[PDB]
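Heavy-atom basis, side chains included; hydrogens, waters and symmetry copies ignored. In each ligand, atom 1 is the first atom listed, and ligand 1 is the first ligand listed. Count residues from 1 along the sequence.
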Amino acid sequence: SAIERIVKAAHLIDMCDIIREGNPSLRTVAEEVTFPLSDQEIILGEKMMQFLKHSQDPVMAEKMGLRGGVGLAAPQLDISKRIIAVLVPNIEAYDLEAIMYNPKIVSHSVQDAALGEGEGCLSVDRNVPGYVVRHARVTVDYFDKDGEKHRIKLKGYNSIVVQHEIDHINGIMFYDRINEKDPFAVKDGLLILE
Ligand SMILES: Cc1cccc(CCCN(O)C=O)n1
Ligand code: NI
(Lines give C-alpha, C1' and ligand atoms only; values in the text may rest on other atoms or scores of the structure.)
(Ligands and ions follow the chains in the order given, each with its own letter.)
Protein backbone atom coordinates (compact mmCIF):
# COMPACT_ATOMS: atom_id res chain seq x y z
CA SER A 1 0.00 0.00 0.00
CA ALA A 2 1.64 3.20 -1.27
CA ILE A 3 0.00 5.37 1.39
CA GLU A 4 0.88 2.96 4.19
CA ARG A 5 4.60 2.86 3.33
CA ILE A 6 4.91 6.55 2.47
CA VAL A 7 3.36 7.60 5.79
CA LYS A 8 5.67 5.49 7.96
CA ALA A 9 7.55 7.82 10.32
CA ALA A 10 10.94 6.87 8.87
CA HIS A 11 9.96 7.35 5.23
CA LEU A 12 11.29 10.30 3.26
CA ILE A 13 9.50 10.98 -0.01
CA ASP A 14 12.00 11.00 -2.87
CA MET A 15 11.98 10.71 -6.65
CA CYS A 16 11.57 6.94 -6.32
CA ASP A 17 8.05 7.46 -4.90
CA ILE A 18 6.96 9.55 -7.88
CA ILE A 19 5.37 7.63 -10.75
CA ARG A 20 5.91 8.62 -14.38
CA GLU A 21 3.88 8.78 -17.61
CA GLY A 22 2.10 5.63 -18.72
CA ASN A 23 1.13 4.67 -15.19
CA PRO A 24 -2.71 4.51 -15.31
CA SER A 25 -2.93 6.40 -12.01
CA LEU A 26 -1.89 9.68 -13.60
CA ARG A 27 -4.98 9.50 -15.83
CA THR A 28 -7.46 8.39 -13.15
CA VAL A 29 -9.84 10.77 -11.37
CA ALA A 30 -8.83 10.79 -7.69
CA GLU A 31 -11.35 10.08 -4.94
CA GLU A 32 -12.46 12.72 -2.43
CA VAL A 33 -11.27 12.25 1.15
CA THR A 34 -13.84 12.12 3.93
CA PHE A 35 -13.82 13.94 7.27
CA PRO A 36 -12.54 13.38 9.78
CA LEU A 37 -9.29 12.49 8.06
CA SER A 38 -7.36 9.39 9.11
CA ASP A 39 -3.94 9.89 10.67
CA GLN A 40 -2.42 8.50 7.46
CA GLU A 41 -4.22 11.09 5.33
CA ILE A 42 -2.88 13.89 7.55
CA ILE A 43 0.63 12.43 7.59
CA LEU A 44 0.60 12.03 3.81
CA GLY A 45 -0.07 15.72 3.34
CA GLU A 46 2.72 16.58 5.75
CA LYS A 47 5.13 14.22 3.95
CA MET A 48 4.23 15.86 0.65
CA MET A 49 4.99 19.35 1.96
CA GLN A 50 8.24 18.06 3.48
CA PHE A 51 9.24 16.78 0.05
CA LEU A 52 8.66 20.19 -1.55
CA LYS A 53 10.70 21.96 1.13
CA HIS A 54 13.47 19.39 0.69
CA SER A 55 13.42 19.75 -3.10
CA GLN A 56 13.85 23.51 -2.68
CA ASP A 57 16.85 23.09 -0.37
CA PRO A 58 20.24 23.10 -2.19
CA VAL A 59 22.03 20.75 0.20
CA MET A 60 19.05 18.50 0.93
CA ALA A 61 17.95 18.39 -2.71
CA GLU A 62 21.50 17.38 -3.63
CA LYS A 63 21.77 14.66 -0.97
CA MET A 64 18.39 13.19 -1.90
CA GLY A 65 18.81 13.71 -5.65
CA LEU A 66 15.49 15.54 -5.94
CA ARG A 67 14.07 17.64 -8.77
CA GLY A 68 13.10 21.12 -7.66
CA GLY A 69 9.40 21.85 -7.43
CA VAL A 70 6.57 23.99 -6.07
CA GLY A 71 3.73 21.47 -6.27
CA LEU A 72 2.84 17.81 -5.74
CA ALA A 73 -0.40 15.82 -5.97
CA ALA A 74 -1.15 12.48 -4.28
CA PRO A 75 -1.76 10.71 -7.63
CA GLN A 76 1.92 11.29 -8.45
CA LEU A 77 2.74 9.01 -5.51
CA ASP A 78 0.28 6.46 -6.87
CA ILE A 79 -2.31 7.46 -4.25
CA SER A 80 -5.67 8.21 -5.84
CA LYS A 81 -6.85 10.76 -3.26
CA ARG A 82 -7.72 14.43 -3.80
CA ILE A 83 -4.79 15.82 -1.84
CA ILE A 84 -2.24 18.34 -3.10
CA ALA A 85 0.61 20.38 -1.64
CA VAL A 86 1.85 23.73 -2.97
CA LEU A 87 4.89 25.75 -1.96
CA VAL A 88 5.93 28.89 -3.83
CA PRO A 89 8.95 30.77 -2.41
CA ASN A 90 9.04 34.57 -2.20
CA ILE A 91 11.39 35.75 -4.96
CA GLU A 92 8.02 35.98 4.60
CA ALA A 93 9.82 33.06 2.95
CA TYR A 94 7.02 31.44 1.00
CA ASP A 95 4.49 33.39 -1.04
CA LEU A 96 2.15 30.40 -0.83
CA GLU A 97 2.28 27.31 1.39
CA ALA A 98 -0.68 24.96 1.59
CA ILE A 99 -1.69 21.33 1.96
CA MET A 100 -5.15 21.11 0.37
CA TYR A 101 -7.75 18.39 0.83
CA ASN A 102 -10.55 18.18 -1.76
CA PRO A 103 -9.48 21.40 -3.52
CA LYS A 104 -11.97 22.77 -6.03
CA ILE A 105 -12.08 25.71 -8.43
CA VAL A 106 -15.36 27.50 -7.65
CA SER A 107 -14.82 30.51 -9.89
CA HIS A 108 -12.48 31.51 -12.68
CA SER A 109 -11.78 34.43 -14.99
CA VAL A 110 -12.74 34.55 -18.66
CA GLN A 111 -9.17 35.66 -19.27
CA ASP A 112 -6.60 32.88 -19.73
CA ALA A 113 -2.93 32.82 -18.74
CA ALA A 114 0.20 30.77 -19.38
CA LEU A 115 3.78 30.88 -18.15
CA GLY A 116 6.01 32.14 -20.93
CA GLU A 117 8.64 29.57 -19.97
CA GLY A 118 6.10 26.78 -20.37
CA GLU A 119 5.71 24.03 -17.77
CA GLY A 120 7.36 20.83 -16.58
CA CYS A 121 6.23 17.91 -14.42
CA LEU A 122 7.95 15.59 -11.94
CA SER A 123 6.10 12.70 -13.57
CA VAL A 124 7.32 13.72 -17.03
CA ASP A 125 10.92 12.81 -17.82
CA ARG A 126 11.11 14.91 -20.98
CA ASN A 127 10.57 18.48 -22.15
CA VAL A 128 7.38 19.51 -23.92
CA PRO A 129 7.49 23.07 -25.32
CA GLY A 130 4.42 25.25 -25.57
CA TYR A 131 2.19 27.61 -23.63
CA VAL A 132 0.07 25.71 -21.13
CA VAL A 133 -3.29 27.53 -21.34
CA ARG A 134 -4.97 27.98 -17.97
CA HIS A 135 -7.35 30.36 -16.21
CA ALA A 136 -5.67 33.63 -15.32
CA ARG A 137 -7.49 33.89 -11.98
CA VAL A 138 -9.17 31.26 -9.84
CA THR A 139 -11.07 31.12 -6.58
CA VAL A 140 -10.31 27.82 -4.85
CA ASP A 141 -12.12 26.09 -1.99
CA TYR A 142 -10.33 23.41 0.03
CA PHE A 143 -10.22 21.89 3.50
CA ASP A 144 -7.27 21.78 5.85
CA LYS A 145 -6.29 18.81 8.04
CA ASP A 146 -8.80 19.90 10.68
CA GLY A 147 -11.70 19.83 8.25
CA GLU A 148 -11.75 23.62 8.18
CA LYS A 149 -12.91 25.18 4.90
CA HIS A 150 -10.77 27.78 3.14
CA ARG A 151 -11.64 29.97 0.15
CA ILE A 152 -8.70 31.69 -1.52
CA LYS A 153 -8.12 33.76 -4.63
CA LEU A 154 -5.08 33.17 -6.81
CA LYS A 155 -3.51 35.00 -9.72
CA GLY A 156 -0.29 34.97 -11.69
CA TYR A 157 2.21 32.21 -10.95
CA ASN A 158 0.35 30.80 -7.92
CA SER A 159 -2.85 30.40 -9.92
CA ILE A 160 -0.95 28.36 -12.51
CA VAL A 161 0.69 26.09 -9.92
CA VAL A 162 -2.53 25.27 -8.09
CA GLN A 163 -4.35 24.59 -11.37
CA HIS A 164 -1.51 22.26 -12.40
CA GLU A 165 -1.98 20.23 -9.23
CA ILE A 166 -5.77 20.17 -9.34
CA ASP A 167 -5.41 18.82 -12.89
CA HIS A 168 -3.44 15.89 -11.47
CA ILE A 169 -6.35 14.86 -9.25
CA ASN A 170 -8.62 14.97 -12.30
CA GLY A 171 -6.29 12.90 -14.49
CA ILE A 172 -5.00 15.83 -16.56
CA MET A 173 -1.39 16.48 -17.64
CA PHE A 174 0.09 19.89 -18.48
CA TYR A 175 0.72 19.08 -22.15
CA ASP A 176 -3.01 18.37 -22.55
CA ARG A 177 -3.47 22.15 -22.52
CA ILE A 178 -0.80 22.96 -25.11
CA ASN A 179 -2.14 23.94 -28.54
CA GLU A 180 -1.36 21.06 -30.89
CA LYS A 181 -1.31 23.11 -34.10
CA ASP A 182 0.90 25.90 -32.79
CA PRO A 183 2.43 25.43 -29.29
CA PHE A 184 3.30 29.11 -28.90
CA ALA A 185 0.10 30.54 -30.35
CA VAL A 186 -1.12 33.66 -28.52
CA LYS A 187 -4.91 33.77 -28.72
CA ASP A 188 -7.13 36.72 -27.85
CA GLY A 189 -7.59 36.88 -24.09
CA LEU A 190 -4.44 34.89 -23.28
CA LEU A 191 -1.98 36.53 -20.90
CA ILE A 192 1.63 35.35 -21.15
CA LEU A 193 3.40 35.56 -17.78
CA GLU A 194 7.15 36.22 -17.58
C1 LIG B 1 6.53 26.48 -12.49
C2 LIG B 1 5.45 25.46 -12.33
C3 LIG B 1 4.21 25.63 -12.96
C4 LIG B 1 3.15 24.51 -12.73
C5 LIG B 1 3.51 23.42 -11.92
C6 LIG B 1 4.80 23.39 -11.35
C7 LIG B 1 5.25 22.25 -10.47
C8 LIG B 1 5.87 21.08 -11.26
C9 LIG B 1 6.04 19.80 -10.42
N10 LIG B 1 4.95 18.86 -10.69
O11 LIG B 1 5.08 17.96 -11.74
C12 LIG B 1 3.84 18.89 -9.92
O13 LIG B 1 2.87 18.15 -10.07
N14 LIG B 1 5.73 24.38 -11.55
NI1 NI C 1 2.93 17.76 -12.33
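A donor-acceptor pair shorter than 3.5 Å can be found between the side chains of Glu119 and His164. Using a 3.5 Å distance cut-off with no hydrogens or angles, the side chains of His150 and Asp144 do pair a donor with an acceptor. Between the side chains of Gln76 and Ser123, at least one donor N or O lies within less than 3.5 Å of an accepting N or O. When only modelled atom types and interatomic distance are considered, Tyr175 and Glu21 share a side-chain donor-acceptor pair under 3.5 Å.
Distances under 2.8 Å from the Ni ion (ligand 2) pick out the protein N/O/S atoms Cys121 SG, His164 NE2, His168 NE2.
Taking the six-membered ring for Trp and the full ring otherwise, the centers of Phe143 and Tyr101 sit at least 6.0 Å from each other.
What sits closest to atom 8 (C) of ligand 1 on the protein, heavy atoms only, is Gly120 O, 3.7 Å. The protein heavy-atom contact nearest to atom 7 (C) of ligand 1 is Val70 CG2, 3.9 Å. What sits closest to atom 12 (C) of ligand 1 on the protein, heavy atoms only, is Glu165 OE2, 2.8 Å. Distance from atom 13 (O) of ligand 1 to its nearest protein heavy atom, with residue and atom name: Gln76 OE1, 2.8 Å.
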Practice prompt. Give the intermediate values and the outcome of side-chain contact (heavy atoms from CB on, under 4.5 Å) for residues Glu31 and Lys81.
Written response: CA-CA 5 Å; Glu31 183 144 305; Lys81 291 175 174 294; 5.9 Å; no
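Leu12 and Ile19 fall into different hydrophobic clusters, where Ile, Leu, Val, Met, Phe, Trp and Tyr are joined by side-chain heavy atoms under 4.5 Å apart, directly or via other members.
Here is the list of ligand 1 atoms found below 4.0 Å of a heavy atom in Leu115: 1 (C), 3 (C). Ligand 1 places these atoms under 4.0 Å from at least one heavy atom of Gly71: 9 (C), 10 (N), 12 (C), 13 (O).
Here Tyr157 has side-chain heavy atoms under 4.0 Å from ligand 1, and that is the only part of it that gets that close.
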